[PDB]
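Just the one chain here, the form deposited without glutathione, laid out as structure tokens.
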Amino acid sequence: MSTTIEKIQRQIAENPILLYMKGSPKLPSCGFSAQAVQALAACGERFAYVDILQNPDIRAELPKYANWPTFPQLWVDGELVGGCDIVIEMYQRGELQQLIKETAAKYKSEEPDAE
């Protein structure tokens, strides 16, 4: 199929906790993700993130595969949650870290992200 999404899906799936945002050297979230990134790290533990508002190719095709025209978009166990607003809301909800915790714990050690 698409000579990048196939790779990307393998990548999203492999990463325990994944976040797509813009990884500018000055700011590793140069977009909307700027507010969301804070929430994720705040709610759970450490997470993996992919620069995409910066990469032209990846920015276009891959987001469309999940839902969004582009990003930010948050992925838990390689499954889309939502990047900009969704992260903040679910952050406040607590459910985000609930997912992250369980996912992080099952992928790594006893990651006590949420609790």
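When you see a residue number, it is the position in the sequence shown, counting from 1.
The next section is about a form of this same protein that is not shown, the form deposited with glutathione bound.
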*May I ask you to state whether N55 is within 4.5 Å of glutathione in the deposited bound form, using heavy atom distances?*
no
*asked:* Considering non-hydrogen atoms and a 4.5 Å limit, does glutathione approach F71 in the deposited bound form?
replied: yes
*asked:* If we define contact as a non-hydrogen atom of the residue within 4.5 angstroms of the partner, is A66 a contact of glutathione in the deposited bound form?
replied: no
*Verify the contact flag for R59: yes if a non-hydrogen atom of it lies within 4.5 Å of a non-hydrogen atom of glutathione in the deposited bound form, no if not.*
yes
*Answer with one of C84, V50, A39, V81: the residue that has a non-hydrogen atom within 4.5 Å of glutathione in the deposited bound form.*
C84
